[PDB]
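Sequences listed follow chains B and A, in order. Letter by letter, the first sequence follows residues 35 to 122, 136 to 177 in the authors' numbering. Letter by letter, the second sequence follows residues 274 to 573, 613 to 713, 895 to 1146, 1182 to 1277 in the authors' numbering. Working notes for the structure below.
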Amino acid sequence: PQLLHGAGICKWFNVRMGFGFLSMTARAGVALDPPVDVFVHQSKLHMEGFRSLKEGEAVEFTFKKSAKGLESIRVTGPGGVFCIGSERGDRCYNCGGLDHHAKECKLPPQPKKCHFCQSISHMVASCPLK
Amino acid sequence: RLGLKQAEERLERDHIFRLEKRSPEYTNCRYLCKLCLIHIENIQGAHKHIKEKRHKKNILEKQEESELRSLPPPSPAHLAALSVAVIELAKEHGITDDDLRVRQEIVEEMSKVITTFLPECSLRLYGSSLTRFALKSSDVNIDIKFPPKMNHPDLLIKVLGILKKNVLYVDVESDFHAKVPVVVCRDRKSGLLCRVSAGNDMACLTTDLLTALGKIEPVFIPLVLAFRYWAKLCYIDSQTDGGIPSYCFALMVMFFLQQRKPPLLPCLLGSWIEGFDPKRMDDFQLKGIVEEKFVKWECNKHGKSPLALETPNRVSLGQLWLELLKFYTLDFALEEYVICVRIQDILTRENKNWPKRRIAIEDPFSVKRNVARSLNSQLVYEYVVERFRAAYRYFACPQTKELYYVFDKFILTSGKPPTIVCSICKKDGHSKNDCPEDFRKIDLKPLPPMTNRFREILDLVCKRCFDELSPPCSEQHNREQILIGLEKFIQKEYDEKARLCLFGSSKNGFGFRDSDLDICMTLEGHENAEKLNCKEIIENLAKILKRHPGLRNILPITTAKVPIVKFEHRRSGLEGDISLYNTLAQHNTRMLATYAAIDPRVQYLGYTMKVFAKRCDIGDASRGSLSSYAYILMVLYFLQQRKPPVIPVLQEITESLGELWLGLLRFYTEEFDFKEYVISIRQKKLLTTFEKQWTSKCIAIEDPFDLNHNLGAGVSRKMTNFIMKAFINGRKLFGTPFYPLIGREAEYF
RNA sequence: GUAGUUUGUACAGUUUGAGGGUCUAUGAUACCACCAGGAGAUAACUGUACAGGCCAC
Ligand SMILES: [Zn+2]
Ligand SMILES: [Zn+2]
Ligand SMILES: [Zn+2]
Ligand SMILES: [Zn+2]
């Protein structure tokens, strides 16, 4: 890619509108002290679908300098992996978890327990405390 | 502990239940689906059993059943409207007694037409037409009673030709391949179908039984008019299409009227027969109908049984018509019990030793066979239950207009075409137009244009199979020297009257360079082996050839037409056979050699067929396929059918070689029907399988002389599918242009 | 009574298809808002449960 590389962490990123800023600890492959702020947009995230970033996660990018400030042209995860997104795609109905899915799931089946109050009496959509 | 007890409720939501004890075969499995009837192993496998698409269709099936199980009972206004609907169906176009008279007029006119040409034949109207268990647009059932001095396929073909010549009974078909070979036609004056059969006097007696019941009870006449109109509105009546016959539907509602409590038709065997037993009920053979009120019966002492209740109880036709579909959708087990009305008691499948995965009905006077054998596919059966469901869903739901009902197409068909199982191959998952084994439908890939270089390549490939296996003249000189030497040896040792005649692999035109010396024996003053002690000659010649230090491999064989001895010349190392006045096999070999001598292209195509069958794993009958003799026979049959006939018929007394072989592949893919016509030489006519009764066998490749066993009657239908695949490959791999390496053309093929 | 060459439907695993709130862009300091109780939608191969089809013993 372009020689203006860099790496760092994600200072902030909006999921809804799709841009943010990264705390860059590296500039063009050279480490920095103190870290600086570089703009990022969802289109800069080299991913498919609705691209987004989790605030606080590590990122590797190629950047540029503009009138508004430093902007990261192309952003990926560590090792080129996909990014996460702000987290505050369905759980396994066997176990209530994103770790596996039902065909993949091999643990013995679980009772119909509500997620909110941790009781097998009712389902979570009919939880009284919800 | 209770976590699993709550988890199993999701399985129990759709018919999954744990099993207490191990099955004899499904031992390690612990769970079972009621709808799938397939044993399940564990709970994760049960959720894996939940993902099954068969279990997905079953859930929808059960949901539809439970959905229309709980419709509200019909109101008296609803009952009156249903009565109006069934009487208007029965009267407007349903066969009334007036339309029964019209049907009788139709049968009398057809009887006049047939007896103008076949006066010895006599037409009997019977079946679903005459019974007053009819339909608006039925097929008339007509039985022909004839003197037995005639061929039943011949009279059926003659009646078919008469109806084809006839202009009134249009749409003549020759469906001679069903369980009953029937001619089809269409009466234009009524504009309703008619059919011709013969010899089914059991169904004639059943027809008389039903018609007597009809002259007893009045609800008889509209009920099967309504039921058969539902059945033709769901395409279940086509027994050729894997369905159930209309006569069997007549028997079905007869069983309903027998079993609909309180009963409206009495049974044919019961407590008035003192000394009766339910188990030996098949021994109580019945006979014809007396005074249209009783059924005769006799054991080989006799008597009669009533067909009436002494008061014709009157209930509304709408209630009867609704509870008929109640019985045959939600009350009667269609598959578990054979529909049997010889007794009031329930008769099972193994009681008549019949299979247990579809509907079985019994002919009253042919209790040995199941007349409902045409149900095969499970999917068609579940569609039939769905059509019963759609009928009960509509007709037991109140309408708006004002209550009013009419037998609309879309209310019961639901727009979905019927699940017609393939009438040719009888395998589900594909329709009649989707049958891969159908010979005639192999036309979807027309050939690319045939370059002359491709024609030369095919000519070289077909020629190489002959020239690589053609015997040379020096071998003929050696074989005639062995012939005269063996003649001198047998004359000087056993009998001077012995004279030798080369035949077979030396002289049939189909032998090769290192083939056997097949030699026929002749005796001076003896024109046949009947005057000769064949076993003594065979054993003495075997002993003497054993004493010969120049001939080995000596072994007598008695499986031929006349007993033979196979041996081998040690010096030439050449195998050979000695045959004593072969009864017929030698005459058939001589006829094949004469056919070879008429045109050498016979030998070229036959050698090509042998090598191509070898590379397509079907080389000979020693590998379970067609024999090379059968290959020569079907080659000669192709040359006959390639009009103008390249070989003639001896018993009745310019295509290029690669294109001849490719045209053989083309003819034996689509231009010929194996299940409908016979591969045989004897007649120039396209000899039907119905003519030779080999419809029960896969391929009818019949020897012109050996009429005892069809050669394909020893060959399986899956082998027929394999050789059909080989023919299709010859249309594709051999028939489409390609330019491989020199010498590698046939190897690529 | 049993083998032989074979169709569907399912079968367990593997490889591809929606990744299963998918979808949806609004380029410089903020979004993640607001649940169903549901055990995951095809194509190919392997092994196969079961009936149907066949030829021989
Ligand atoms: Zn899981
Ligand atoms: Zn709760
Ligand atoms: Zn099931
Ligand atoms: Zn078919």
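For every residue, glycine included, the Cβ atom is placed at its ideal position computed from N, Cα and C.
Given A:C572, which residues of its chain have a CB within under 8 angstroms of its CB, disregarding the five upstream and five downstream residues?
Closer than 8 angstroms at Cβ, skipping near neighbours: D556, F557, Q558.
Report all residues for which the CB-ligand distance to some heavy atom of ligand 5 is below 5 angstroms; order them along the chain.
Although ligand 5 was asked about, the structure shown includes only ligand 1, ligand 2, ligand 3 and ligand 4 as ligands.
Rounded C-alpha distance that separates A:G908 from A:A485
Cα to Cα, the separation comes out at about 39 angstroms.
Verify the CB distance criterion: does B:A149 have a CB-CB separation below 8 angstroms to chain A?
Chain A has a Cβ within less than 8 angstroms of the Cβ of B:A149.
So with CB distances below 9 angstroms, who are the chain B contacts of A:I517?
Per Cβ cutoff of 9 angstroms: no residues; A:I517 is ~41 angstroms from chain B at best.
Cβ of A:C309 within 7 angstroms of any heavy atom in ligand 3?
In terms of side-chain proximity, the C-beta atom of A:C309 is found nearer than 7 angstroms to a non-hydrogen atom of ligand 3.
Hey, how far is the Cα of A:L537 from the Cα of A:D657?
Rounded to whole angstroms, the gap between the alpha carbons of A:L537 and A:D657 is 16 angstroms.
Distance between A:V697 and residue 843 of chain A (C-alpha atoms, nearest Å)
The gap in chain A between 713 and 895 takes in residue 843 of chain A, so it carries no coordinates here.
Residue closest to B:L154, alpha-carbon to alpha-carbon, out of B:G144, B:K102, B:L66, B:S86:
For B:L154, the closest of B:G144, B:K102, B:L66, B:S86 by C-alpha to C-alpha distance is B:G144.
Count the other C-beta atoms from every protein chain shown that fall within 10 angstroms of the C-beta of A:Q974, then say buried if there are 16 or more, exposed otherwise.
Exposed.
By the DSSP assignment, the beta strand (DSSP E) with A:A471 in it spans what residues?
Note, A:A471: beta strand (DSSP E), 465 to 471.
Which residues in the same chain as A:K1024 place their Cβ atom closer than 7 angstroms to its Cβ, once the five residues preceding and following it in sequence are excluded?
In its own chain, leaving out the 5 sequence neighbours on each side, no residue places its CB closer than 7 angstroms to the CB of A:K1024.
Using 8 angstroms as the threshold, is the C-beta distance between A:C540 and A:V679 below it?
No, the pair does not count as a contact, with Cβ atoms beyond the cut-off.
Ligand 3 and A:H322: does the residue's C-beta get closer than 7 angstroms to at least one heavy atom of that ligand?
For ligand 3, at least one heavy atom lies less than 7 angstroms from the Cβ of A:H322.
Separation of B:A60 from B:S100, as counted between CA atoms:
If you draw a straight line from the Cα of B:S100 to the Cα of B:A60, it is about 18 angstroms long.
Buried or exposed for A:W633, going by 16 or more other Cβ atoms inside 10 Å?
Result: buried.
Thinking just about the alpha-carbon of each residue, which of B:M170, B:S173, B:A41, B:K177 is nearest to the one in B:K98?
Measuring from the Cα of B:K98, the nearest candidate turns out to be B:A41.
Locate the beta strand (DSSP E) running through A:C309, then write down its first and last residues.
Unbroken run through A:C309: none, as it is neither H nor E.
What does a CB cutoff of less than 6 angstroms around A:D1092 pick up in its chain, not counting 5 residues either side in sequence?
There are no such residues.
Does any heavy atom of ligand 4 sit closer than 7 angstroms to the C-beta of A:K488?
The beta carbon of A:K488 sits no closer than 7 angstroms to any heavy atom of ligand 4.
Alpha-carbon to alpha-carbon, A:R1245 and A:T1197
The alpha-carbon atoms of A:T1197 and A:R1245 are separated by roughly 15 angstroms.
CA nearest to the CA of A:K934, picked from A:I417, A:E622, A:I917:
A:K934 has its Cα closest to that of A:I917, out of A:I417, A:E622, A:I917.
Considering Cα atoms alone, identify which of A:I913, A:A350, A:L1261 is closest to A:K938.
Of the candidates A:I913, A:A350, A:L1261, A:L1261 places its Cα closest to the Cα of A:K938.
Any non-hydrogen atom of ligand 3 closer than 7 angstroms to A:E285 Cβ:
Every heavy atom of ligand 3 is 7 angstroms or more from the Cβ of A:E285, so no.
Starting from A:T1197, trace the beta strand (DSSP E) both ways and give me its first and last residue.
No beta strand (DSSP E) contains A:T1197, which DSSP labels as neither H nor E.
Helix, strand or coil, according to DSSP, for A:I1091 in the structure here?
A:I1091: helix per DSSP, three-state reduction.
Note the first and the last residue of the continuous beta strand (DSSP E) segment covering B:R61.
Looking at the DSSP string, the run of the beta strand (DSSP E) that includes B:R61 is 53 to 61.
Less than 8 angstroms between the C-beta atoms of A:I1229 and A:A1123, yes or no?
Closer than 8 angstroms, so yes.
Taking the straight line between their C-alpha atoms, what separation do you get for B:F163 and B:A172?
If I take the Cα positions, the gap works out to 9 angstroms.
May I ask you to list, following chain order, the residues of the region 309 to 343 of chain A that have a beta carbon less than 8 angstroms from some beta carbon of chain B?
Within the region 309 to 343 of chain A, contact with chain B at the beta-carbon level (separation under 8 angstroms) is assigned to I316, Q317, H320, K321, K324.
Can you list every residue whose CB sits closer than 5 angstroms to some heavy atom of ligand 2, going in chain order?
For ligand 2, the selected residues are B:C161, B:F163, B:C164, B:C174.
Measuring alpha carbon to alpha carbon, tell me which residue in A:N688, A:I655, A:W666 is nearest A:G515.
Distances from the alpha-carbon of A:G515 to those of A:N688, A:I655, A:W666 put A:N688 closest.
Measure the C-alpha to C-alpha separation of A:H450 and A:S410 and round it to an integer number of angstroms.
Going from the Cα of A:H450 to the Cα of A:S410 covers about 23 angstroms.
Quick check on this structure: which residue in B:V93, B:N48, B:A62, B:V115 has the alpha carbon closest to the alpha carbon of B:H39?
B:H39 has its Cα closest to that of B:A62, out of B:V93, B:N48, B:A62, B:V115.
What is the rounded straight-line gap between the Cα of A:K616 and the Cα of A:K566?
Cα-Cα distance, rounded: 9 angstroms.
Flag this pair as yes or no: are the beta carbons of A:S470 and A:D412 separated by less than 8 angstroms?
At the C-beta level, A:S470 and A:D412 stay beyond 8 angstroms of one another.
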